[PDB]
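The sequence shown maps to residues 16 to 34, 37 to 67, 69 to 125, 127 to 130, 132 to 183, 184A, 184 to 187, 188A, 188 to 204, 209 to 217, 219 to 220, 221A, 221 to 245 in the entry's author numbering.
All C-beta atoms, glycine included, are put in the ideal place defined by N, C-alpha and C.
Remarks on the structure that follows.
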Amino acid sequence: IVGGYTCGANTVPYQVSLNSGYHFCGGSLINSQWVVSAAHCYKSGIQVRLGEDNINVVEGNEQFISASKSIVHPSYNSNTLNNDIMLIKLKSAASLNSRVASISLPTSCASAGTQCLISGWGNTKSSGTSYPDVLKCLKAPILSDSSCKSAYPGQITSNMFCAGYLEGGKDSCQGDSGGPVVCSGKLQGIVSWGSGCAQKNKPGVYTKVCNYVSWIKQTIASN
Ligand SMILES: [NH3+]CC1CCCCC1
Ligand SMILES: [Ca+2]
């Protein structure tokens, strides 16, 4: 996250870290046994880390649960990043409490102008690199669809939205991928892609989760 603030330990209780010997992507706990992330984060051998603040220190609220199954969206296109969403089932159910909690799925798509919370452990610099070890937070509005198609001509599908600032300076960044965009207490987006980080007229692009709610429900009802 670029130009954000330190969230504070366990203040974003649905935030997970996907680990394969190192943190490589964020994710969101949607019930005690299922995580949703970005399909471009797909990897074999995922361990899900819950209750994290400092990802390099065991602080006491962590639960490390390995994944038993990963399901990439059946129409994921890695070239265009359309349908960049994946479900991960935990081998056993997480123990839910004030610091490890699931986030609700939307019953409605969020509108442009809605302020949201984006969070993750990704790069905090738009030019160069510096990875934080504690979770970083950023409040950003959903952008109108026409300013989104104007920043990314020919690249925005109906399954994507832009969120952030056309002046730049604040944005999600590498390593924030798969992470949550929560608006009004509901998961509305997944950190998906963009052109660099915090650049002028190049806002973050996010998977539009409200389009996938029935695929998510049906898939967890059957797996
Ligand atoms: N600024 C958008 C970021 C670009 C890196 C990958 C996640 C999304
Ligand atoms: Ca830790």
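For residue i, count neighbouring Cβ atoms within 10 angstroms of its own Cβ and tell me buried if that reaches 16, exposed if not.
{"i": "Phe82", "result": "exposed"}
{"i": "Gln135", "result": "exposed"}
{"i": "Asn143", "result": "buried"}
{"i": "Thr229", "result": "buried"}
{"i": "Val200", "result": "buried"}
{"i": "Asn95", "result": "exposed"}
{"i": "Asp153", "result": "exposed"}
Does the distance between the C-beta of residue i and the nearest non-hydrogen atom of ligand 1 fall short of 7 Å?
{"i": "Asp102", "result": "no"}
{"i": "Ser147", "result": "no"}
{"i": "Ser190", "result": "yes"}
{"i": "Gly216", "result": "yes"}
{"i": "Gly226", "result": "yes"}
{"i": "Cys220", "result": "yes"}
Compute the Euclidean distance between the alpha carbons of residue i and residue j, then round it to the nearest angstrom.
{"i": "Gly38", "j": "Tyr59", "result": "15 Å"}
{"i": "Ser178", "j": "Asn25", "result": "33 Å"}
{"i": "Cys191", "j": "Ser244", "result": "34 Å"}
{"i": "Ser93", "j": "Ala56", "result": "10 Å"}
{"i": "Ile73", "j": "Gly197", "result": "15 Å"}
In the structure shown, what three-state DSSP assignment does residue i receive?
{"i": "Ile106", "result": "strand"}
{"i": "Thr241", "result": "helix"}
{"i": "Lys87", "result": "strand"}
{"i": "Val235", "result": "helix"}
{"i": "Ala160", "result": "strand"}
{"i": "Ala56", "result": "helix"}
{"i": "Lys204", "result": "strand"}
Is residue i near ligand 2, with its Cβ less than 7 Å from a heavy atom?
{"i": "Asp194", "result": "no"}
Stretch pair the stretch 102-122 + the stretch 82-90: three plus CB contacts closer than 8 Å:
The stretch 102-122 is in contact with the stretch 82-90.
Spell out a yes or no on whether the stretch 223-243 and the stretch 168-177 are touching, meaning 3 or more CB-CB pairs, one atom from each, closer than 8 Å.
yes
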